[PDB]
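Below you will find one chain, with nothing else, as structure tokens; this is the form deposited in one PDB entry, and questions on how it binds or moves follow later.
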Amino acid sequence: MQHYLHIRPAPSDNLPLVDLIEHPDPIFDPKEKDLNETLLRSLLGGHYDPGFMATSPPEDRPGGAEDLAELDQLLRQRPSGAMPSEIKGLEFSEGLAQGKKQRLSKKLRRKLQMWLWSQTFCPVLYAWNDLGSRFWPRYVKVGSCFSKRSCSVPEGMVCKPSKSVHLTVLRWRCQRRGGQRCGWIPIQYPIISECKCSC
């Protein structure tokens, strides 16, 4: 409806993304001549973002899913943001058949609210991702939702991406077939920056 002739498939903004299925012909890979950090760093310039990009990831060494679940629960106890309106605007007020002078109690107000909040907040977990030799830097920090539980009462809903931002990184592009004429160019790589409870 945007383009009249639909002679190409259109792109979509749904996240998250599977990474490129890349072809293993070695012509496409960049070789050590221009795999030198210094020119790479200057060509990318201000796009460089060391909180999100790297030649060698912190995430390394010196089951782990129960750990994801425990991380997630901790992160939900200190939700960022402002309390959402839909929760903040909750006075547990009308009780005796659509009211009392106070079905609950002031105190219990905010506490019920903070519980609703932690129960329905959806944190972004981060993890380093290996994009492969055709990108540089090759490792990028990527966001994700925790979706092994429900974020609603009652149960049904699940955390999913709700905002995204783009990292700018570099790609080893070969113009001609067989990977003749290669070079690095800025490319926009999307990452999840917010999650929200959703059906």
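C-alpha atoms forming the largest set that superposes within 1.5 Å between two forms make up the rigid core. So that there is no doubt, residue numbering starts at 1 and follows the sequence shown. Shifts are known only where both forms have a C-alpha.
Although not depicted, the form deposited in another entry is the subject of the following passage.
Comparing C-alpha positions between this form and the one not shown after a rigid core fit, one residue in 26, 46, 154, 51 moves 2 angstroms or more. It is 26. Superposition on the rigid core between this form and the one not shown places the CA atom of residue 119 2 Å or more away from its counterpart.
Note: the CA-CA distance for residue 153 and residue 116 expands in the other entry relative to this form, by 3 angstroms or more.
Note: the CA-CA distance for residue 118 and residue 160 contracts in the other entry relative to this form, by 3 angstroms or more. In a core-based superposition, a mobile segment is defined as at least three consecutive common residues whose CA atoms each shift by 2 Å or more; between this form and the one not shown, such segments span 24-26, 109-121.
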